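Asker:
6 protein chains.
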Amino acid sequence: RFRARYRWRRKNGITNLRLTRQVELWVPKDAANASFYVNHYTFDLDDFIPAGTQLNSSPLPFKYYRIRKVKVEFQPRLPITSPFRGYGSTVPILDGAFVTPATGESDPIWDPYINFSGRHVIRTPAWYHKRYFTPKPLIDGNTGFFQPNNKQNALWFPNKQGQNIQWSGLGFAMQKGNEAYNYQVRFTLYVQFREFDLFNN
Amino acid sequence: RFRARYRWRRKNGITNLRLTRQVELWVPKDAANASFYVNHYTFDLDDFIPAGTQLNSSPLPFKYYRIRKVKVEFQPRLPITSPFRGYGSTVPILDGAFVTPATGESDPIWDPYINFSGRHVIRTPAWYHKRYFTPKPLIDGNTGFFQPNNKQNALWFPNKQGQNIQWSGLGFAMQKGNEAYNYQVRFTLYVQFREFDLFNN
Amino acid sequence: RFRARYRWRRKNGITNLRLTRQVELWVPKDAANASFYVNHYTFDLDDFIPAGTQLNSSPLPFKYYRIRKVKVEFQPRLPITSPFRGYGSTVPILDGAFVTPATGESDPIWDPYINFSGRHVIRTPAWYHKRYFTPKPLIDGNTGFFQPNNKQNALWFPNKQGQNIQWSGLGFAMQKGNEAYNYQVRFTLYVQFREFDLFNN
Amino acid sequence: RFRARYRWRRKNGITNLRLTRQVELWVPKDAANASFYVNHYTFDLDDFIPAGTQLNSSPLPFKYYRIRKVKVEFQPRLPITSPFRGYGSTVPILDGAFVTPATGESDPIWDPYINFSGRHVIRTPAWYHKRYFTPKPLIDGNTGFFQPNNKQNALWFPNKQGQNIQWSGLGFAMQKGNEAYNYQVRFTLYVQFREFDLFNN
Amino acid sequence: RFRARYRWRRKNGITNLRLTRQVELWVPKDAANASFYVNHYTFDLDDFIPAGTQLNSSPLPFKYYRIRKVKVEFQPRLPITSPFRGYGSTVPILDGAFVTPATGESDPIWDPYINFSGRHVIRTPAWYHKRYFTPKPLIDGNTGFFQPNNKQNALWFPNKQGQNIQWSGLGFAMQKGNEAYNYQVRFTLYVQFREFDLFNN
Amino acid sequence: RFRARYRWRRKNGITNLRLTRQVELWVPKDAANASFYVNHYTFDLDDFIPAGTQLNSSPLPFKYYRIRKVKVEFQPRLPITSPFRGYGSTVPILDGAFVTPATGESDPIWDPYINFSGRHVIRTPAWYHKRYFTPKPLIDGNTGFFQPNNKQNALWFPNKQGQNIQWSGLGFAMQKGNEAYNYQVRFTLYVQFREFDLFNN
């Protein structure tokens, strides 16, 4: 009943791990327009796990994985006595189709994410912000299908260390002010692994 | 318990809509063979929704959708005092693989759908006919997989307005008589939409 | 009993949506008088919804609407180490008759909204402020009548996309200091729509 | 439950007041026909409230009002030993459409209000008479619509002091005798006010 | 409790009556396009009630009315052995804004009412069709407001016999075939009258 | 409740069948190293079902299938008085990614499957061995996703007779001794079929 859940985890090698990395996010200057800096983030397992050996290719010796949750932290670098305050948006985007302008298109004067059903407000020179959600894997390029939220039926993927797929996350728009400012963005994956495979000589 | 279902629909922007279109179906003449007119129908969301603007590309401002049900109506154009009565078949075909003869192959003398497990009889100069079922999306060309019927686990698809996928429906065979006859075929989609996204300047 | 409420929403096409826009608010300088900046806001549906096509004139394909609630956010642009603090008032004004001085009349030395029954204090160089209330439509110019608060009996209006009416909201007075300061004002409409009408070719 | 009614009256500034004015009514002489004197009364708030100052335009510092009830008193000026007794009618007329003859049309020989569903008999040289009812505001000239009796849903109107609307009341017909007689007509409004607004320098 | 409802109907003169009229509807010919005949109906009380006398201007001696329900009947003139069958739509349109093409615009090739939330299918050479609903009065031209369905709070209107207002009803689209066909359209008003006023000499 | 399961199987044509085939497995000689013979097995439906006719292409007249279980039997050909005993491993591998050395890479000196979570020991000159598990279909080459074990939600596939997909099974490593030995490997599919389609002339 609950020892049947124990023997499912023992037989199949089910483990639960937490992986974390950081990046830096630069919002440029804007003189007298208060435009929006629009970009996005996706999640690949290759950024969180380094390269292994010739014998054991992954430093995590598991054959399969699925991502349960992502936490995305926005950590500010500027104090609260900053001279300009801005109010932007963050959205989870599950199909990998963002509003991010390509090279040639300018930065918009209006918030492109303000009417979305899952937008939160990021107060964004000097305050903390975090989103927490289930990401979706980017499998098909033609149809772009994704599963509903269901922990028992979520698809498994091979951990291949270099050929890992993208997982679709977060779009954001940030108000630009008189001075360029900084964020340290921390990503935290909550991963469930399966099928322990350590090769030994 | 049931207000948790309300906050799931409010947070994610879940709406339920009904979309309808009509086409005309021509069955040609056959002299002294009583052959069968075999064709099929699939469903794309591009036929039901027109083109939008440059700003909002879809007239329905939702990011994702899944089709719950199709109703296909066969509406006759001829009265019941017609001189020849025919008896054909309709079948739901979920993988998109029909028995429809290509250009060069003739129309068969026998009903190709008469032994199928889900065939209904269409009495087909002058009577109404309708089918009601869950369609399946045409994702993979190599494997052709599709889900079982489960409303909670059915896959979500991006609404892309021009690049929309096919959904697999109905095959039919109609007995041809001494005179060519007409049907108006009405399709009705029952669509569930998700993630309201209206761009405003 | 509660599935009778479901069939009322399904038959009539009742949906509930949230629309948001932003503007910028400038309070000018005042030397050695501490006068008040008095202005007001009304709400039209044309500012929140862009223009549609020739076929479907509104990007929201609904025939009727009524506004349930407005949220008005005052988001500051200056930090809390600002050298002058001011204390003004916000009031909901339902008939559309404000105390705003016309071109030629000066800005008053006294708070014109300080004795109103529904005034809140806005601490107004560097703090957040929000009002939440039912707005009233501006129908008659001669009598200026409006309904009491009643969700079941509230009047319906056609969504006409360009000829939309005004809805009467908020008056405010802000204390002016030694330096001109900024607010980003965010408006959020909670709209109930009725009678889905999508034209398809 | 009943302290929720207290905080509704306190937050919105709900007060209930009684306003009274008097006029004189002259019925002229008629020799040997016993004709009827037909006239009517409507109610404007400008007759009951005098002019205010430049600062506070109304002597009642409230922004909105609605009239709950009118009492109309007919107070006689002649004693009961008067030589001729007459028997007329009073009617409430809610749309503002009376049978009162214009300049050029004579006074009728018959009672124009005798068959109305809400007529009372006024014994009318020397007796008291009173009517008590809900009046209706005269909003539209083209359609002339009015609400049913409902205290919770009755419309609110701005108190504008000079531009106030008419409220539709009473029609009456009085039998004329050998001598002209007098009435002092007293009107009493039962008004509910809302949104206290006193301007102070 | 229920004799209080009796004395409300007796004091105010409440009666309930049924008024009926007929018109003829012509759908023209169309060669080889199967276009749609789009028109609409509104309801005025002047068509249902003839002119009265100089003394009593209306043949119904009541001062006020409100329309509770309309029934609209489509009665066919052709038998069921007709050579072409068509399938159109009927919709209730409450604001008086129809899709009916003006003089100069042609008849559309597509059904303009097929996606509306309250459309019914009219099988339309030879079959009966009926709609039953609450109509809304056309009061304002600028705002076009209308009440929700509520029998206790529905607005009253003066019965003026010649200056009566429009009440907003039904839009319809009918498929045109090889031959022009006929319908007799029967309208039935369910009217509630108030304030009996018969003038007698 | 359980006759609803009967009408689901009757309407859709659900049948359950067992298909079996045999192959021969050769382990070569190794002099004085005791190396491992590493290979794998996948399952295609084309090996279990022969070719049909031009009319009915599959000898099983069903349109869809899904594989529930595989049994893989290792049947020995040598008696238990064999002079060398070996101890290898079998593993289920669900993504189709095996450790099998390509042409050019030698046979390893160590067991590559000894640390896997689902390995069983095959005592492997002269003893019986069997594995029993749910196989996974090889759909995507880029992502390699597969479902968790769930009988109600398992994907359906078209039975196409020649274009059938691979299903991912078993990897094994066998200890090589002084003499080459033999196994007869028996595979048993437990297949659930759907949508009976027999064409008749």
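Protein chains in written order, with our numbering: chain A, 539 to 739; chain B, 539 to 739; chain C, 539 to 739; chain D, 539 to 739; chain E, 539 to 739; chain F, 539 to 739. In this text, a Cβ means the ideal position worked out from N, Cα and C, and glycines have one as well.
Would residue 705/F be called buried (16 or more neighbouring beta carbons within 10 Å of its own) or exposed?
Answerer: Under this definition residue 705/F is a buried residue.
Asker: Counting only beta-carbon separations shorter than 7 Å, does residue 615/C have a partner in chain A?
Answerer: Yes - at least one Cβ of chain A is within 7 Å of the one on residue 615/C.
Asker: Quick one: Cα of residue 650/E to Cα of residue 599/C, how far?
Answerer: Going from the Cα of residue 650/E to the Cα of residue 599/C covers about 13 Å.
Asker: Mind the definition here: the region 622-635 of chain E touches the region 707-719 of chain E only if three or more C-beta pairs lie below 8 Å; say whether that holds.
Answerer: Judged by Cβ distances under 8 Å, the region 622-635 of chain E makes contact with the region 707-719 of chain E, as three or more pairs qualify.
Asker: Is any beta-carbon of chain C found at less than 7 Å from that of residue 653/E?
Answerer: At least one chain C Cβ lies under 7 Å of residue 653/E.
Asker: Applying a beta-carbon distance threshold of less than 9 Å, which residues of chain E neighbour residue 686/C?
Answerer: Simply none; closest approach about 12 Å.
Asker: Listed from N- to C-terminal order along the chain, which residues in the region 639-650 of chain C have their beta-carbon within a distance smaller than 7 Å of any beta-carbon of chain D?
Answerer: Under the 7 Å Cβ criterion, the region 639-650 of chain C contributes 648 and 650.
Asker: From 689/E, 681/E and 697/E, pick the residue whose C-alpha is nearest to that of residue 682/D; which is it?
Answerer: Of the listed residues, the one whose Cα sits closest to residue 682/D is 697/E.
Asker: Since residue 548/B is in the alpha helix (DSSP H), which residue starts that stretch and which ends it?
Answerer: Residue 548/B -> alpha helix (DSSP H) spans 541-550.
Asker: What span of residues does the alpha helix (DSSP H) with residue 622/D cover, start to end?
Answerer: Run containing residue 622/D: none; DSSP gives neither H nor E here.
Asker: Measure the beta-carbon distance from residue 664/A to residue 616/A and round it to whole angstroms, keeping in mind my assumption that it falls under 8 Å.
Answerer: Sure, about 5 Å apart at Cβ, within 8 Å.
Asker: Is it the case that the Cβ atoms of residue 722/E and residue 592/E are separated by a distance below 7 Å?
Answerer: No; because the gap between Cβ atoms is not below 7 Å, this pair is not in contact.
Asker: Going by C-alpha distance, which of 563/D, 686/D, 679/D and 662/D is nearest residue 672/D?
Answerer: The shortest Cα separation from residue 672/D among 563/D, 686/D, 679/D and 662/D belongs to 686/D.
Asker: Determine the extent of the beta strand (DSSP E) in which residue 586/E is found, giving its start and end residues.
Answerer: No beta strand (DSSP E) contains residue 586/E, which is instead part of the alpha helix (DSSP H) from 583-586.
Asker: Within the same chain, show all residues whose beta-carbon is closer than 6 Å to that of residue 555/C, passing over the 5 residues directly before and after it, in chain order.
Answerer: Correct list, in chain order: 729.
Asker: Which one of 582/F, 733/F and 607/F has the shortest CA to CA distance from residue 656/B?
Answerer: Nearest option by C-alpha distance: 733/F.
Asker: Check whether chain F comes within 7 Å of residue 681/B, counting only Cβ atoms and requiring the distance to be less than that.
Answerer: True, the Cβ-Cβ gap to chain F drops below 7 Å.
Asker: Cβ of residue 691/F less than 7 Å from any chain A Cβ?
Answerer: Yes, residue 691/F counts as interfacial toward chain A.
Asker: Tell me residue 694/F's beta-bridge partners as DSSP assigns them.
Answerer: Paired residues: 684/B.
Asker: When the Cα of residue 567/E is compared with those of 644/E, 552/E, 610/E and 717/E, which residue comes out closest?
Answerer: Minimum Cα distance to residue 567/E is reached at 717/E.
Asker: DSSP three-state call for residue 662/A: helix, strand or coil?
Answerer: It is coil, neither helix nor strand.
Asker: Whose Cβ in chain E lies nearer than 9 Å to the Cβ of residue 711/D?
Answerer: Here the premise fails: no neighbours, minimum Cβ distance about 12 Å.
Asker: Just how far apart, CA to CA, sit residue 548/C and residue 553/B?
Answerer: Each residue's Cα considered, the two are about 11 Å apart.
Asker: If you draw a straight line from the C-alpha of residue 701/E to the C-alpha of residue 702/D, how long is it?
Answerer: Rounded to the nearest angstrom, the two C-alpha atoms are 27 Å apart.
Asker: Does the beta carbon of residue 620/A sit closer than 7 Å to a beta carbon anywhere in chain C?
Answerer: Cβ-Cβ to chain C under 7 Å: yes for residue 620/A.
Asker: Grab the span of the beta strand (DSSP E) containing residue 711/A for me, first residue to last.
Answerer: Residues 704-713.
Asker: Counting only beta-carbon separations shorter than 7 Å, does residue 735/B have a partner in chain A?
Answerer: Cβ-Cβ to chain A under 7 Å: yes for residue 735/B.
Asker: Grab the span of the beta strand (DSSP E) containing residue 670/A for me, first residue to last.
Answerer: Its beta strand (DSSP E) spans residues 667-671.
Asker: Any idea what DSSP makes of residue 617/B, helix, strand or coil?
Answerer: Coil.
Asker: Mapping the DSSP letters down to three states, classify residue 626/A as helix, strand or coil.
Answerer: In this structure, residue 626/A counts as strand in the three-state DSSP scheme.
Asker: Kindly list the residues whose CB is nearer than 6 Å to the CB of residue 658/F, restricted to its own chain and excluding five residues on each side of it in sequence; keep chain order.
Answerer: So the list reads 628, once near-sequence residues are dropped.
Asker: Less than 8 Å between the CB atoms is what I'm expecting for residue 594/C and residue 588/B, so what's the real figure, rounded?
Answerer: Right, their Cβ atoms sit about 7 Å apart.
Asker: Compare the C-alpha of residue 581/C against each of 605/C, 590/C, 653/C and 562/C and name the closest.
Answerer: It is 605/C.
Asker: Can you find a CB in chain A that lies within less than 7 Å of the CB of residue 731/B?
Answerer: No, its Cβ sits nowhere closer than 7 Å to a Cβ of chain A.
Asker: Using 7 Å as the limit for Cβ to Cβ distance, is residue 705/B near chain A?
Answerer: No, no contact with chain A.
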